[PDB]
Each structure stands twice: as C-alpha cells, then as structure tokens.
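>
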Amino acid sequence: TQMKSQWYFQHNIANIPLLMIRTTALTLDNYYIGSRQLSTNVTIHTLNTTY
Amino acid sequence: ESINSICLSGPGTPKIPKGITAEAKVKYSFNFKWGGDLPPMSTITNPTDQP
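So the sequence lines, in the order shown, correspond to chains 0 and U. Under the authors' numbering, the first residue of the first sequence carries the number 204, and numbering increases by one thereafter. Under the authors' numbering, the first residue of the second sequence carries the number 509, and numbering increases by one thereafter.
1. Does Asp-545 (chain U) come within less than 8 Å of chain 0 when only Cβ atoms are used?
2. Using a Cβ cut-off of 8 Å (strictly closer), state whether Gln-213 (chain 0) contacts chain U.
3. Mind checking if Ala-217 (chain 0) is an interface residue toward chain U, Cβ cutoff 8 Å exclusive?
4. Give the range of the alpha helix (DSSP H) segment to which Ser-510 (chain U) is assigned.
5. Between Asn-218 (chain 0) and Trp-542 (chain U), what straight-line distance do the alpha-carbon atoms span, to the nearest angstrom?
6. Among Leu-221 (chain 0), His-214 (chain 0) and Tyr-235 (chain 0), whose alpha-carbon lies nearest the alpha-carbon of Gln-205 (chain 0)?
7. Between which two residues does the alpha helix (DSSP H) carrying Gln-213 (chain 0) extend?
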C-alpha cells in the first residue's frame, strides 16, 4: 500500500520488500498420527537439573 | 589548368571569385528493415544507476 503507482528511482526501491511469502510443510492425510511410532508418548532425554 | 580553361570557354560553366569555394549538399534517408531471430540483452544494477 506504501508503493503507489508513481515512478520511483530503482536505487530508492531496490531494497524495499515488495512481497513476503510464508510457507510450512504439512500432511492432510496423516494430520494427527504424523510420524508417530508405537505409543502416543514421545521420550525426551534431559540433564538432571537437581545435580 | 589549360584544359580546365578550354572547358570554361564552354556554356553553363560558373563564375567563382578567386579564394571562394562553392559547395553543394544533399540530405539522404535510406529506408531499411533488419530481420532475424530474437537477440540476447543485458541489464544494470539498480543502486549504482542514474541518481
């Protein structure tokens, strides 16, 4: 909306970002299961915090 | 100069004062078309351009 139909020097507009695209990879047919194996629970390893 | 002087005795030959050069010119325009397959082309950076 800030880029009006007017002419601009190419030096001025060169670095102005004229589009942002956001994309994420998806599955529709495996939406809940995803890549789950065996149990719904996933195992996380951690450093004992208490020591 | 002697055979030029004999030619100057003939009709239509001009009178030009000594030390003057007479001149004539035409402006021409020859019309052409150039034909071919589409040529290549190149471009210039926007930041380093007519400021």
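Just so you know, even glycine gets a beta-carbon here, dropped at the ideal spot from N, CA and C.
The short version:
1. no
2. yes
3. yes
4. 510–516
5. 39 Å
6. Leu-221 (chain 0)
7. 213–216
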